[PDB]
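Just the one chain here, the form deposited in one PDB entry, laid out as structure tokens.
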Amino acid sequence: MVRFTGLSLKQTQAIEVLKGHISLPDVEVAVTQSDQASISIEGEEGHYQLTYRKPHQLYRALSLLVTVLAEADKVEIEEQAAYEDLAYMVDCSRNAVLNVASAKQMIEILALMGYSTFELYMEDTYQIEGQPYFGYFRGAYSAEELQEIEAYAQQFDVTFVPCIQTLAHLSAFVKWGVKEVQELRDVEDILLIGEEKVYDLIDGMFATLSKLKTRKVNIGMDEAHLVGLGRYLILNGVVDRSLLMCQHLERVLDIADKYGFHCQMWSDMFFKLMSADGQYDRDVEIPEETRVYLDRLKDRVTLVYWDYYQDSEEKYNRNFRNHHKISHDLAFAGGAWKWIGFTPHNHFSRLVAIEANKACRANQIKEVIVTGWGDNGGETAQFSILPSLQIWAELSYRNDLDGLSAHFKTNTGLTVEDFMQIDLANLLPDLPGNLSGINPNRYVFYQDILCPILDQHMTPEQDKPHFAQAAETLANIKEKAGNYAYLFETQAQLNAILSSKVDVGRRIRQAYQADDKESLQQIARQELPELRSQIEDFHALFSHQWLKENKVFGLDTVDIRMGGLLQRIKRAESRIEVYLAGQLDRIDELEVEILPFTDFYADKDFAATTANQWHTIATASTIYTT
């Protein structure tokens, strides 16, 4: 029933798509572009005037219109967005490659929220002609898929920015034991600077990207910690590593220029190579030769300061001030916390966004890139962080969160507080809320039974009912979550598992020590087989979730991890049985006293911690090393 005047055909088609998310009421709306504001909406009694500064801003304007019209007839909206560009970057390199259909849904939602820009982070997960091992069995996007994704974003006047790697974070590529790949290597996950075959590869990266319309790219260059120290050192000897970086940076910028690209890079290696203790968060002594080189290069690249951790504006401001010593062409990357296992932390994301937004505004930052990393196997749902995305959008357009829940429900059908219950498996009640990375969702799940190396981080009196209540809270939200139900069903089941598994290893030890054989038998014969049944159920839900959002490729690692967990539970059953049958004097596993897993949060009152590597969660034995 909605009637619009002043739209192009492109804008009317975009709106039809968006009717799949939002419900437009029966009113008349005159639309025009105007520089007066990012978004303005006025009128009453069913006749409204809507203006946008930039085309893509029509779609957030419509979300605002729908929302405000439910509680009032008169409308006085005026928004002035703080940032020239607000982007969302999805991790497609951690095993989870967003599928094209899910990319389109994400684009639609981002448009409704007010984002200008959609980005995919692809280390090796885009195809390059003549590089058959690059993205092999990883579900690398074809050039056609990226074009499709980008053209879809272009239907909403949302631009596309690929985030690639031109130095390090190429582990999945460089592992292939063929001459054509090994000759490109320096050390660990780092390409060999100065090798012409490496610049042939990088040229090929841009040949693929040049098939897109976009001429904006993030070239990576973060976290190349041993750059110059491997095969580079053997071949070339000791060199000034700050200058090595500039040299490599210059070659890459020249290749980009060849294709007409404008580059951004992560900023951290400048700080780590030019500070005394090799850290990001440092004031730097720039050697003069490097200063002269950076002075040239700074006019050709945007440096991206990334920080997901600080709880105050001042901390951000300090780093911004450090960055100004190098360059005033800066962007900021904030965090949509979805990289700590199975379960996001939209809560923590909200806490730090508020403070990062203050700092970005103070330093006239042109662009914020919200980053959804998927560290260590991509086990968190791609749509798990919609609340964090709306949060950053509200902060840009309105500089407050007053409209957050209403805008969110208009866009998704859920209140933001219901949706943010998705975080529950991380939200142990005794955590302060301002400390990052505390991820019991993941380490309680993948921990062994017989050898429970995180057991000192468990607080069963608190944790068991928290997890138990969370599973019920989430089944209730699932029932009202519409097409988002899958996300909550997955989390409810996980929480149900963690309710019992959080201390099953401890109860086995207490029974063993107390010589309570009836209890060991109960655990071995009833509880553990049921635990496997529940984990299998969870695996089925996870798989459904994964196949909805992502390509099939990379799910294999989760199959392996979860099958291993299941087999280790069976071991706990069988070892207990052998003991019960009188054919073991002792169960040696249980004779070992448990130590703290890590001391990272050892001085806090709470017991939980951060453990975010599957292979160290699951076993104290060797598993990847030789």
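All residue numbers are counted from 1 along the displayed sequence. Definition used throughout: the rigid core is the maximal C-alpha set that superposes within 1.5 Å between two forms.
Here the subject shifts to the form deposited in another entry, a form of this protein not shown in this document.
Q: Considering only 175, 197, 325, 211, single out the residue whose C-alpha is displaced by at least 2 Å between this form and the one not shown after superposing the rigid core.
A: So the residue whose C-alpha moves 2 Å or more is 325.
Q: Has the Cα of residue 381 moved 2 Å or more between this form and the one not shown, judged after a core fit?
A: Residue 381: C-alpha displaced by less than 2 Å between this form and the one not shown.
Q: With both forms fitted on the core, give yes or no for whether the Cα of residue 269 moves by 2 angstroms or more between this form and the one not shown.
A: Comparing forms between this form and the one not shown, the residue 269 CA shifts at least 2 Å.
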